[PDB]
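Here the sequence shown stands for residues 4 to 400, 408 to 428, where the numbers follow the deposited numbering.
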Amino acid sequence: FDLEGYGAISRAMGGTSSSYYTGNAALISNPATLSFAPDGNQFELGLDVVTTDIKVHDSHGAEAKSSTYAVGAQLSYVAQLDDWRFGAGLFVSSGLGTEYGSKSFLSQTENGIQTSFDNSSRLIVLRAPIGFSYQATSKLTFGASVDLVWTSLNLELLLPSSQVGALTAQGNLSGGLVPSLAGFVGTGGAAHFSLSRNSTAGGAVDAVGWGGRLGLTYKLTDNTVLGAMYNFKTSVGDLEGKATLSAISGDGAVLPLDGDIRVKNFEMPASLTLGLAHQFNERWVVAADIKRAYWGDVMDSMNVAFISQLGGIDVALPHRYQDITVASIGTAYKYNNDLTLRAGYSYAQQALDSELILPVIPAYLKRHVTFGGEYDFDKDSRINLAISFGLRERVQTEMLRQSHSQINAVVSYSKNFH
């Protein structure tokens, strides 16, 4: 979602972030970094663009071709008040997700009828940090940040009867409606969710949250820095909106019901990263961070409740223990006095599998490989660059094979106010 450091610049160097100037994006990173910022007041201005490519194939020529793009932004201004550095920003990750069309084997009944229903998802995060960085000694900086959050989810899932069957079997599905139209669907049917309503005026199924953050740094040597930060599991609230469940019979008939979803305990990971920035040269600077996503850490259940005039349906997915580890290294050579060149590789590696291959919910990529530079044309104006690579992956276990990749591409601009 954003466990990739973030920063037009912190993206260029493998996602590294913990101990070196990473731009104003250190507000959602390590706010202690903001103390390595030029004097006066930096004003960052970022524009993100991701595209994503998913191929799903199984039981012969299953042909699910998704290929969306998303687009984010960055409006930030970190201001220096002596040893204090105050700052705030707006950050966007809008359009992220999937779209398969209503032509897919994903849009065929469990018995195999081509439905007109769509398979697609799209999320919109809206972080808004208020942060500070505090210079303390000639060797140690500290920073915190707190952010209001706002998420918006539209999605068009379809579940071939047997999946629903498995969900009732597990004890995860329930509700008035399950008995009632079990026979209308019938083994060989399918139910289909559609929370659309992107008109936020409607319901949209959206929520407000609160993230947190704080970190530090140590100049162990004069040519070596020592970063650490703990992102808090962001307390997202309930996603309440308006959706439309639609059961589908063996021969292709459709009952459209209209109600309200309430998604509960969408667990976001707390994370703790550590690393360093050795500088054995006045061009060659190199960063290396390890990150540990404190993932599954509460013993709740994500609870999706659909309530209609005709009764409720309800799904409860437990919070399995889980966690990931992103080893990220990055590099920035100074070709000249106006030019830095960055590159980075990073390898995430999660444990305990959790291989619930959800086509409409893409999975985090392990190997990333990123490049990028910087260029000055004003010295009080400045402009950063990055591109990263989601490296080819296979994941598969109903039987389903999926193979997908991602490709981020950022820009930002800092007009400095001395």
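We put the beta carbon where it would ideally sit given N, CA and C, even for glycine.
With a 10 Å radius around the Cβ and a threshold of 16 neighbouring Cβ atoms, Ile127 comes out buried. Taken through DSSP and simplified to helix, strand or coil, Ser62 comes out as coil. Looking at the DSSP output, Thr220 bridges to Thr144. Secondary structure at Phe374: strand, using DSSP grouped into helix, strand and coil. When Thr190, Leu160 and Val149 are compared, the shortest CA-CA separation from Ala169 is found for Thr190. With fewer than 16 neighbouring CB atoms inside 10 Å of its own CB, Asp261 falls in the exposed class. Inside the segment 250-323, DSSP marks whole beta strand (DSSP E) runs of 3 or more residues at positions 257-259, 262-267, 273-281, 288-297, 304-311 and 314-321, from first to last along the chain. Its Cα nearest to that of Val81, the residue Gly92 stands out among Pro272, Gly92, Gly253 and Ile310. DSSP places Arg385 in no alpha helix (DSSP H) but in the uninterrupted beta strand (DSSP E) bounded by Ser384 to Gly393. Nearest in C-alpha terms to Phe39, of all of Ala308, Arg370, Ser123 and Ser141, is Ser141.
Cβ-Cβ separation between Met232 and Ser13: approximately 12 Å, too far for a contact (criterion under 8 Å). For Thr36, the three-state secondary structure derived from DSSP is helix.
Cβ neighbours of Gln325 within its own chain (closer than 8 Å, five residues either side excluded): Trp298, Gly299, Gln353, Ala354, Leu355 and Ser357. Between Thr373 and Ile390, the beta carbon gap of about 7 Å places them in contact (Cβ cut-off 8 Å).
Using a C-beta cut-off of 8 Å, the segment 46-56 makes contact with the segment 65-84, since at least three inter-stretch Cβ pairs fall below that distance. Following the DSSP letters along the chain, one finds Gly92 inside the beta strand (DSSP E) bounded by residues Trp87 to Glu102. About 6 Å separates the CB atoms of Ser136 and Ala35; that is less than 8 Å, so the two are in contact. In this structure the segment 173-187 does not lie against the segment 114-131, because fewer than three pairs of beta carbons, one per stretch, are closer than 8 Å.
Taking the C-beta atoms as reference points, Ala15 is found nearer than 9 Å to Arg345. For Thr171, the enclosing alpha helix (DSSP H) stretches over residues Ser165 to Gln173.
With 16 or more other Cβ atoms from the protein chains shown falling within 10 Å of its own Cβ, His371 counts as buried. By the Cβ neighbour-count rule, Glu408 is exposed, with fewer than 16 other Cβ atoms within 10 Å of its own. Here the segment 280-287 does not lie against the segment 241-259, with fewer than 3 beta-carbon pairs under 8 Å apart.
Scanning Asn114, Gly8, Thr144 and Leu410 for the CA closest to the CA of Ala194 turns up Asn114. In this structure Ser197 is in contact with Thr247, their Cβ atoms being roughly 5 Å apart against a cut-off of 8 Å. With a threshold of 16 other beta carbon atoms within 10 Å, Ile316 meets it and is buried. Per DSSP, the unbroken alpha helix (DSSP H) holding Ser183 starts and ends at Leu180 to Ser183.
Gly240 sits in coil when the DSSP states are folded into three classes, being neither helix nor strand. Assignment of beta-bridge partners to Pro132 by DSSP yields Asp150.
DSSP, read as helix, strand or coil, puts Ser202 in coil.
Approximately 24 Å separates the beta-carbon atoms of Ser274 and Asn306; this is outside 8 Å, ruling out the contact. In chain order, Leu170 and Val318 place their CB closer than 6 Å to the CB of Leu176, counting only its own chain and leaving out the 5 sequence neighbours on each side. Distance between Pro41 and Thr55, taken at the CA atoms: about 35 Å. When DSSP reads this structure, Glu47 sits in a beta bridge with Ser79. Here the alpha carbon of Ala351 sits roughly 36 Å from the alpha carbon of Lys382. The beta carbon of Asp121 sits closer than 6 Å to those of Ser105 and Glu159, all from its chain and outside the five residues before and after it, given in chain order.
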